[PDB]
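Student:
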Amino acid sequence: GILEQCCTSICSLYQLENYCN
Amino acid sequence: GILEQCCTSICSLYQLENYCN
Amino acid sequence: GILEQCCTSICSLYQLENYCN
Amino acid sequence: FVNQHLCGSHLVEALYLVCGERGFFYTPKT
Amino acid sequence: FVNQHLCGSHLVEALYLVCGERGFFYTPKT
Amino acid sequence: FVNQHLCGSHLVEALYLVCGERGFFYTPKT
Ligand SMILES: [Cl-]
Ligand SMILES: [Zn+2]
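Right under this line is the structure:
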């Protein structure tokens, strides 16, 4: 999930975007 | 104190409640 | 920079002040 | 320490910012 | 690193939320 | 983990508070 992917290393705005509805 | 208890591991709302007036 | 200086250990208000315009 | 819990707080704040009016689902699933 | 200092910020924000109008005392005492 | 990124968020919030109307520059430069 988002916790493993974005707390381990930084997620870009583009990566975060893929979590948006 | 609250720092040792709640920064080491997560405190629940119930645990936090006991810090309220 | 400010990240190395203030994330390694705590910066005081006086230290932060020196980062202000 | 509570690295994950603290990080997650910042994550949803970032999603709130990036996702806007569209909204988002937050499901801390491994 | 400043784990404790960053964590504490989130703690008081949580106390602010959970304690409401009752308020709370924050005393970082070991 | 993202210690530095999370810490930096709190740093600018502190600068916002301490610097006031004067403002500040934030340049994450080693
Ligand atoms: Cl944090
Ligand atoms: Zn934080």
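Protein chains in written order, with the numbering used here: chain A, 3 to 23; chain B, 3 to 23; chain C, 3 to 23; chain D, 8 to 37; chain E, 8 to 37; chain F, 8 to 37.
A virtual CB, placed ideally from N, CA and C, is assigned to each residue, including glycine.
Verify the contact flag: E/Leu13, CB atom, against every heavy atom of ligand 2, threshold strictly below 7 Å.
Tutor: For ligand 2, at least one heavy atom lies less than 7 Å from the Cβ of E/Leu13.
Student: Short of 8 Å Cβ to Cβ, which residues in the stretch 11 to 29 of chain F face chain E?
Tutor: Going along the stretch 11 to 29 of chain F in chain order, one finds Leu13, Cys14 and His17 with a Cβ nearer than 8 Å to chain E.
Student: In chain order, what residues of the stretch 8 to 20 of chain A put their CB closer than 8 Å to some CB of chain F?
Tutor: So the list reads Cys8, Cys9, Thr10, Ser11 and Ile12, given in the order they occur along the chain.
Student: Going by DSSP, what residues sit across from B/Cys22 in a beta bridge?
Tutor: B/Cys22 pairs with E/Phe31.
Student: Where do the N-terminal and C-terminal ends of the alpha helix (DSSP H) with C/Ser11 fall, by residue?
Tutor: Segment: none, C/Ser11 is in no alpha helix (DSSP H) and carries neither H nor E.
Student: Does the beta carbon of F/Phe8 sit closer than 8 Å to a beta carbon anywhere in chain D?
Tutor: F/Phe8 counts as touching chain D.
Student: Given the structure, does C/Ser14 come close to ligand 2, in the sense that its CB is under 7 Å from one of the ligand's heavy atoms?
Tutor: C/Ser14: no, Cβ never under 7 Å from ligand 2.
Student: Note down, in chain order, each residue of its chain lying with its Cβ closer than 7 Å to the Cβ of C/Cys13, except the 5 sequence neighbours on either side.
Tutor: Counting only Cβ-Cβ distances below 7 Å, and skipping sequence neighbours, we find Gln7.
Student: Rounding to the nearest angstrom, what Cα-Cα distance links E/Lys36 and B/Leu5 in this structure?
Tutor: Going from the Cα of E/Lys36 to the Cα of B/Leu5 covers about 8 Å.
Student: Would you call C/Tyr21 buried or exposed, if buried means 16 or more other Cβ atoms sit within 10 Å of its Cβ?
Tutor: The residue is buried, with at least 16 neighbouring Cβ atoms inside 10 Å.
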